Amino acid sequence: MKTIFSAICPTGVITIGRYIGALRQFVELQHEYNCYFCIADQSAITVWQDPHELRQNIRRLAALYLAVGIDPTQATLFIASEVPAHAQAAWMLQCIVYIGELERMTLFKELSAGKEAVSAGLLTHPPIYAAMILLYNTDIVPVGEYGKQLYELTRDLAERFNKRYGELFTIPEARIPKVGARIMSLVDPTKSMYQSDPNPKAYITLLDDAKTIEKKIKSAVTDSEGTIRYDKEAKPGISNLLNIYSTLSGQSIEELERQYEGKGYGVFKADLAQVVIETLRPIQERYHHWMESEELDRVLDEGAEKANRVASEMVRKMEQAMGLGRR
């Protein structure tokens, strides 16, 4: 077996673009790998978070991950802050990393620069992230779009601590995003669907109701020609809709082109909306069921007991190697 570790910030929403190019994969992957799904509450508070909202979100996300198909008998689903080890290890690691290394993190440079007062959270989060990964002997890590610098630093740190106090950390390898394209924005198919899009018309959320999925799907920017055929360059919006239909229906794009021969955007967009709805119907019913069950707390409890057991012993190894404590 190999171990995959996935960190989810309990902030924001889940677009079908993240459900399709990332999250839904794991419903199978959990059966081929040792999978960790960790809710990074601790990474959330590096910027202001309304305590009541944050606590709510941590819980929603957990329900959604379960509704979507993550199996807590085969995977470990847990909240970071419930594993004290994560802060323990991030401090050791904070003592290994140089200031420069953090200071030239792009993401820090972005949301820091300009502003005059910034929390040391944004600057020192990486060790916290890298500690989440290395603590469990993580063979494989999801990287995707922005995460390149983070991955690379986690890999450097794991190396650097290994060349010093000895070899203890597995060097994680970045995971290969599957064959396929990004899911684009419904109001500008020249850009990827992001949840941080100003315009809520651009993305669809796993929690959206029938009416909204309709509006957002029907309002999706097409083209002047009138044929349902795939061509990213010439017909990006209509291509992107074929792409979504294809991944959620299980039919090929070539099957779809033929099925809608001499048909037009109207029925095609209405059909597409039923597909998206049919997909989110069971996910949402299950979602609500989880939010109404103590079985939810029960599952997160079991989650943490697993992680602690695994991560504490790794904290013990790190201490017994730098020379902290006793034993």
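When you see a residue number, it is the position in the sequence shown, counting from 1.
Two stretches are in play, 271 to 279 and 33 to 41, and the higher mean C-alpha B-factor belongs to 271 to 279. Across the two stretches, 144 to 152 and 78 to 86, the PDB entry reports the greater mean Cα temperature factor for 144 to 152. When the C-alpha B-factors of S239, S119, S224, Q251 are read from the PDB record, the largest value belongs to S224.
Listed residues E255, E159, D208, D71 were ranked by CA B-factor as deposited; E159 comes out on top.
In the PDB entry, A321 places in the middle third of its chain by CA B-factor.
In this PDB entry, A307 carries a Cα temperature factor that places it within the lowest third of its chain's modelled residues.
When the modelled residues of the chain are ordered by C-alpha B-factor, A22 sits in the middle third. When the CA B factors of the chain's modelled residues are split into thirds, the value for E261 lands in the middle one. Split the chain's modelled residues into thirds by C-alpha temperature factor. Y203 is in the lowest one.
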